[PDB]
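Listing of input-v7.cif; format and content: mmCIF, C-alpha atoms.
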data_start
#
loop_
_atom_site.group_PDB
_atom_site.id
_atom_site.type_symbol
_atom_site.label_atom_id
_atom_site.label_comp_id
_atom_site.auth_asym_id
_atom_site.auth_seq_id
_atom_site.Cartn_x
_atom_site.Cartn_y
_atom_site.Cartn_z
ATOM 1 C CA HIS Z 100 -92.284 23.019 -10.331
ATOM 2 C CA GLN Z 101 -91.144 20.519 -7.721
ATOM 3 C CA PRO Z 102 -93.172 18.012 -5.718
ATOM 4 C CA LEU Z 103 -92.506 17.129 -2.061
ATOM 5 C CA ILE Z 104 -92.390 14.330 0.490
ATOM 6 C CA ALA Z 105 -93.296 14.768 4.150
ATOM 7 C CA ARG Z 106 -90.967 13.847 7.015
ATOM 8 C CA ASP Z 107 -90.753 13.765 10.811
ATOM 9 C CA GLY Z 108 -89.039 16.433 12.865
ATOM 10 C CA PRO Z 109 -86.570 17.691 14.061
ATOM 11 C CA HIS Z 110 -86.014 18.385 10.423
ATOM 12 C CA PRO Z 111 -87.190 21.953 9.822
ATOM 13 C CA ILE Z 112 -90.459 21.907 7.924
ATOM 14 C CA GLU Z 113 -89.696 22.055 4.211
ATOM 15 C CA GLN Z 114 -91.755 24.271 1.916
ATOM 16 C CA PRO Z 115 -93.085 23.884 -1.633
ATOM 17 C CA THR Z 116 -90.771 25.559 -4.125
ATOM 18 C CA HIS Z 117 -91.095 27.005 -7.606
ATOM 19 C CA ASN Z 118 -88.643 27.672 -10.419
ATOM 20 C CA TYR Z 119 -88.955 30.252 -13.196
ATOM 21 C CA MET Z 120 -86.666 30.603 -16.201
ATOM 22 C CA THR Z 121 -86.244 32.749 -19.301
ATOM 23 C CA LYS Z 122 -83.913 31.947 -22.183
ATOM 24 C CA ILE Z 123 -82.416 34.379 -24.682
ATOM 25 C CA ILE Z 124 -82.674 33.757 -28.420
ATOM 26 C CA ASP Z 125 -79.225 33.346 -29.963
ATOM 27 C CA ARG Z 126 -78.783 34.389 -33.568
ATOM 28 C CA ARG Z 127 -76.717 33.072 -36.501
ATOM 29 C CA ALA Z 128 -76.614 33.405 -40.290
ATOM 30 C CA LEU Z 129 -75.422 31.841 -43.565
ATOM 31 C CA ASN Z 130 -73.323 32.822 -46.586
ATOM 32 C CA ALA Z 131 -72.948 31.821 -50.231
ATOM 33 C CA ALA Z 132 -71.652 33.382 -53.423
ATOM 34 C CA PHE Z 133 -72.725 33.342 -57.025
ATOM 35 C CA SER Z 134 -70.117 35.218 -59.039
ATOM 36 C CA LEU Z 135 -70.480 35.993 -62.733
ATOM 37 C CA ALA Z 136 -67.867 36.819 -65.362
ATOM 38 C CA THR Z 137 -67.265 40.023 -67.282
ATOM 39 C CA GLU Z 138 -68.797 38.959 -70.570
ATOM 40 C CA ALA Z 139 -71.707 36.997 -69.105
ATOM 41 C CA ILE Z 140 -73.317 40.264 -68.000
ATOM 42 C CA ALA Z 141 -73.526 41.760 -71.482
ATOM 43 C CA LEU Z 142 -74.881 38.578 -73.080
ATOM 44 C CA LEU Z 143 -77.999 38.824 -70.950
ATOM 45 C CA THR Z 144 -78.299 42.545 -71.663
ATOM 46 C CA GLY Z 145 -77.625 42.723 -75.389
ATOM 47 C CA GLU Z 146 -74.419 44.750 -75.379
ATOM 48 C CA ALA Z 147 -72.457 41.992 -77.152
ATOM 49 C CA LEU Z 148 -75.036 40.505 -79.510
ATOM 50 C CA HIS A 100 -98.302 -22.834 19.506
ATOM 51 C CA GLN A 101 -95.746 -25.557 18.939
ATOM 52 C CA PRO A 102 -96.330 -29.094 17.678
ATOM 53 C CA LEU A 103 -94.626 -32.113 19.193
ATOM 54 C CA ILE A 104 -92.997 -35.454 18.465
ATOM 55 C CA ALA A 105 -92.828 -38.466 20.773
ATOM 56 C CA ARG A 106 -89.497 -39.911 21.909
ATOM 57 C CA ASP A 107 -87.977 -42.959 23.606
ATOM 58 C CA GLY A 108 -85.355 -43.289 26.316
ATOM 59 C CA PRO A 109 -83.038 -41.969 27.438
ATOM 60 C CA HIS A 110 -84.432 -38.786 25.890
ATOM 61 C CA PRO A 111 -86.582 -36.878 28.399
ATOM 62 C CA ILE A 112 -90.320 -36.629 27.925
ATOM 63 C CA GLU A 113 -91.263 -33.306 26.384
ATOM 64 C CA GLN A 114 -94.446 -31.309 26.970
ATOM 65 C CA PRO A 115 -96.627 -29.096 24.760
ATOM 66 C CA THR A 116 -95.549 -25.465 24.998
ATOM 67 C CA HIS A 117 -97.308 -22.173 24.393
ATOM 68 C CA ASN A 118 -96.252 -18.624 23.580
ATOM 69 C CA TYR A 119 -97.916 -15.245 24.071
ATOM 70 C CA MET A 120 -96.555 -11.951 22.753
ATOM 71 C CA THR A 121 -97.503 -8.266 22.911
ATOM 72 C CA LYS A 122 -96.047 -5.546 20.678
ATOM 73 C CA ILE A 123 -96.232 -1.809 21.416
ATOM 74 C CA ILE A 124 -97.439 0.216 18.432
ATOM 75 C CA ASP A 125 -94.733 2.604 17.274
ATOM 76 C CA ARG A 126 -95.983 6.088 16.457
ATOM 77 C CA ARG A 127 -94.688 8.920 14.263
ATOM 78 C CA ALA A 128 -95.943 12.209 12.856
ATOM 79 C CA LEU A 129 -95.502 14.250 9.693
ATOM 80 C CA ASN A 130 -95.082 17.899 8.724
ATOM 81 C CA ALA A 131 -95.554 19.961 5.554
ATOM 82 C CA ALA A 132 -95.530 23.724 5.093
ATOM 83 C CA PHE A 133 -97.767 25.874 2.942
ATOM 84 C CA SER A 134 -96.751 29.511 3.350
ATOM 85 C CA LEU A 135 -98.730 32.151 1.460
ATOM 86 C CA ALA A 136 -97.690 35.774 0.891
ATOM 87 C CA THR A 137 -98.841 39.138 2.212
ATOM 88 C CA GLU A 138 -100.750 40.289 -0.874
ATOM 89 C CA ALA A 139 -102.446 36.936 -1.476
ATOM 90 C CA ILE A 140 -104.436 37.242 1.753
ATOM 91 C CA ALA A 141 -105.992 40.503 0.556
ATOM 92 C CA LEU A 142 -106.745 38.920 -2.822
ATOM 93 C CA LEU A 143 -108.665 35.984 -1.405
ATOM 94 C CA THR A 144 -110.396 38.157 1.184
ATOM 95 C CA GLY A 145 -111.710 41.029 -0.921
ATOM 96 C CA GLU A 146 -109.583 43.911 0.334
ATOM 97 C CA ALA A 147 -108.040 44.443 -3.120
ATOM 98 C CA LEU A 148 -110.988 44.016 -5.481
#

Please, can you express the file's structure as structure tokens?
Amino acid sequence: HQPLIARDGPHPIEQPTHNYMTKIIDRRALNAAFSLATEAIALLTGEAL
Amino acid sequence: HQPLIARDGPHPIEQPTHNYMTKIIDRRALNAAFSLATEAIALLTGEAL
């Protein structure tokens, strides 16, 4: 919204205004890795015990 | 009003003076708009209830 002040003519008579806005959500993401080895898989399983 | 001092010669003898003043009141005017809409008349009236 906007407030006003009153004046004398011959200014044209100014009106009360309004302003309306919408904003769009912008979207981002993250990344990370974890990598294992070949033999570290089997040691959790049991295939190399 | 004006106060005085007394003098000697050859300065001339001064008199008490007076002043009277009138001042015309300046005058202005203000303006501010309001404007409604077409539908909002029928909402406040009862024609769209």

Target residues per the PyMOL selection byres ((chain Z) within 7 of (chain A)), formatted as a ChimeraX atom specification: /Z:105-107,112-115

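Coordinates place atom CA of residue A:139 at a distance of 16.5 Å from atom CA of residue Z:116.
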
Result set, the PyMOL selection byres ((chain A and resi 100) around 9) on current file, as a ChimeraX atom specification: /A:101-102,115-119

Separation of atom CA of residue Z:111 from atom CA of residue A:124, in Å and rounded to one decimal: 25.5 Å

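Atom pair atom CA of residue A:135 / atom CA of residue Z:108 has a distance of 21.7 Å (rounded to one decimal).
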
Around all the atoms of stretch 113-125 of chain Z listed in the file, draw an axis-aligned box and extend it by 8 Å on each of the six sides; I want its centre and edge lengths in Å to one decimal, as AutoDock Vina command-line options.
--center_x -86.2 --center_y 28.2 --center_z -12.9 --size_x 29.9 --size_y 28.3 --size_z 50.2
